[PDB]
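Worth knowing before you read on, the calculation uses all heavy atoms, side chains too, and leaves out hydrogens, waters and symmetry mates. Count residues from 1 along the sequence.
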Amino acid sequence: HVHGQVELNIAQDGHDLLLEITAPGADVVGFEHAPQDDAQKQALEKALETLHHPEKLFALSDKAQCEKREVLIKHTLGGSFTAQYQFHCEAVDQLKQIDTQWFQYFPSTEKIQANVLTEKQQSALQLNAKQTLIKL
Ligand SMILES: [Zn+2]
Ligand SMILES: [Zn+2]
Ligand SMILES: [Zn+2]
């Protein structure tokens, strides 16, 4: 649990695209404590509302016909967020890459450690706000 670091595990199995996020609360909300005031209350609500749009946090090509099947959000109060997302991509052959928008929604994240398991290969890469491409 390192502030500014986010864990990203992507699994691709047939039409199943599963992405899991482990993010410190400092990255997602801007602080890991109980909301002191209304500003912080809004920060938390904005975050939680953002976390249920993995289709905004991960740019999936329309051609891949990716539909959201699962949105799980776990907040543990330090403080941590786990999000687990499942897409069913009816043209998964056309999902060449994912362009993560994480750094745009949560700019206090500096690096994501991405693990990508597909039918063909495991691969790792470190992402930043400028290098957001994941190849499948
Ligand atoms: Zn929403
Ligand atoms: Zn912490
Ligand atoms: Zn299918």
Side-chain angles (χ1 to χ4, degrees):
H1 170 89
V2 171
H3 291 191
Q5 196 100 7
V6 163
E7 219 193 296
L8 166 60
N9 291 285
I10 300 181
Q12 194 245 39
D13 174 46
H15 293 173
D16 287 341
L17 175 64
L18 176 73
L19 317 96
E20 186 193 28
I21 288 295
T22 314
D27 287 33
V28 172
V29 182
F31 57 85
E32 277 177 17
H33 51 73
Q36 285 151 198
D37 52 44
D38 277 59
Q40 295 193 329
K41 284 174 206 208
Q42 290 210 47
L44 173 57
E45 296 283 352
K46 207 195 104 190
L48 283 161
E49 191 279 335
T50 293
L51 279 185
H52 74 225
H53 294 296
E55 80 282 3
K56 295 196 222 297
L57 296 174
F58 306 100
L60 301 184
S61 168
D62 283 337
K63 288 159 229 69
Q65 301 179 31
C66 294
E67 156 180 280
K68 314 151 56 173
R69 291 303 181 68
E70 192 218 16
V71 180
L72 184 165
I73 306 167
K74 196 204 217 164
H75 186 12
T76 300
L77 311 80
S80 175
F81 290 89
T82 301
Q84 192 186 236
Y85 308 119
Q86 213 224 46
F87 288 84
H88 187 100
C89 299
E90 210 49 65
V92 70
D93 54 296
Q94 293 193 254
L95 196 64
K96 302 323 214 315
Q97 53 177 73
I98 302 153
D99 182 359
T100 185
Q101 294 319 83
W102 181 267
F103 300 95
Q104 305 226 278
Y105 287 94
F106 304 110
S108 97
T109 299
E110 312 188 40
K111 32 212 272 179
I112 299 165
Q113 219 63 230
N115 277 106
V116 187
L117 169 59
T118 86
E119 317 216 46
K120 296 223 277 297
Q121 263 150 66
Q122 156 146 230
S123 71
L125 73 165
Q126 186 181 276
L127 310 177
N128 60 61
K130 303 304 165 161
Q131 299 301 340
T132 65
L133 303 184
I134 296 137
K135 201 215 247 280
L136 263 48

Cluster link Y85 to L18, ILVMFWY, side chain under 4.5 Å | no
From CA spacing to verdict: side-chain hydrogen bond (donor to acceptor under 3.5 Å, both in side chains), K63, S61 = CA-CA 5 Å; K63 288 159 229 69; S61 168; 3.2 Å; yes
Would a 4.5 Å heavy-atom cut-off, applied to side chains only, mark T132 and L127 as touching?
-> no
Would you tell me whether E90 and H88 have side-chain atoms, one donor and one acceptor, within less than 3.5 Å of each other?
-> yes
Is there side-chain contact between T50 and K56, with heavy atoms separated by less than 4.5 Å?
-> no
Where do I21 and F106 land on the side-chain contact (heavy atoms from CB on, under 4.5 Å) test, with the steps shown first?
-> CA-CA 13 Å; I21 288 295; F106 304 110; over 6 Å; no
Near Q121 CD, under 6.0 Å, is it more than 12 heavy atoms from other residues, nucleotides or ligands?
-> no
Tell me, yes or no, whether the heavy-atom count around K135 atom NZ, taken from other residues, nucleotides or ligands under 6.0 Å, exceeds 12.
-> no
Sorted by chain and number, sequence neighbours left out, side chain to side chain contact (heavy atoms under 4.5 Å, CB included) with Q97 holds for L133
Does anything in residues 75-136 pair up under disulfide bond (SG atoms under 2.5 Å apart), and if so which pairs, sequence neighbours excluded?
-> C66-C89
What do you reckon, is CD of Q94 surrounded by more than 12 foreign heavy atoms closer than 6.0 Å?
-> yes
In Å and rounded to the nearest 0.5 Å, what is the OG1 to CG distance from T118 to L95?
-> 11.0 Å
From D27 CG over to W102 CH2, what is the distance, rounded to the nearest 0.5 angstrom?
-> 7.5 Å
Under a 4.5 Å side-chain heavy-atom rule over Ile, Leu, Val, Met, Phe, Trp and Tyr, are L72 and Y105 clustered together?
-> no
To the nearest 0.5 Å, atom CD of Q86 lies from atom CD of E67 at 10.0 Å
Do the side chain of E55 and the main chain of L60 share a donor and acceptor less than 3.5 angstrom apart?
-> no
Do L125 and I98 share a hydrophobic cluster (ILVMFWY, side-chain heavy atoms under 4.5 Å, transitive)?
-> yes
Beyond-backbone contact of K68 with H53, side-chain heavy atoms, under 4.5 angstrom = yes
Determine whether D13 and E119 make a side-chain contact, defined as any pair of heavy atoms from C-beta on separated by less than 4.5 Å.
-> yes
Hey, quick one: are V29 and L48 part of the same hydrophobic cluster, counting side-chain heavy atoms closer than 4.5 Å, chains of contacts allowed?
-> yes
Nearest non-hydrogen partners of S108 and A26, listed with the distance = OG-O, 3.4 Å
Would you say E110 has more than 12 foreign heavy atoms packed within less than 6.0 Å of its CD?
-> no
Roughly how far, to the nearest 0.5 Å, is OG1 of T22 from CD of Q84?
-> 9.5 Å
Evaluation steps, side-chain contact (heavy atoms from CB on, under 4.5 Å), between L8 and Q113 = CA-CA 6 Å; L8 166 60; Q113 219 63 230; over 6 Å; no
Go through the steps for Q126 and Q131 under the test side-chain contact (heavy atoms from CB on, under 4.5 Å), then give the verdict.
-> CA-CA 8 Å; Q126 186 181 276; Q131 299 301 340; over 6 Å; no
Student check: side-chain heavy atoms of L117 and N115 closer than 4.5 Å = no
Linking I/L/V/M/F/W/Y whenever their side-chain heavy atoms sit closer than 4.5 Å, directly or via other members, would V2 and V28 fall into one cluster?
-> no
Got a second to check how far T100's OG1 is from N128's CG, nearest 0.5 Å?
-> 11.0 Å
Are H15 and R69 close enough, and set up right, to give a side-chain contact (heavy atoms from CB on, under 4.5 Å), and what steps lead you there?
-> CA-CA 11 Å; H15 293 173; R69 291 303 181 68; over 6 Å; no
State, yes or no, whether a side-chain contact exists between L51 and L57 at a heavy-atom distance under 4.5 Å.
-> yes
Hey, what do you get for NZ (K41) to CD (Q36), rounding to the nearest 0.5 Å?
-> 11.0 Å
Is it the case that more than 12 heavy atoms not belonging to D62 sit under 6.0 Å from its CG atom?
-> no
Assign the ring pair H33 / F31 to parallel, tilted or perpendicular, where the plane angle (0 to 90°) is split at 30° and 60°.
-> parallel
Within a strict 4.5 Å, meaning less than it, do heavy atoms of the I112 and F103 side chains meet?
-> yes
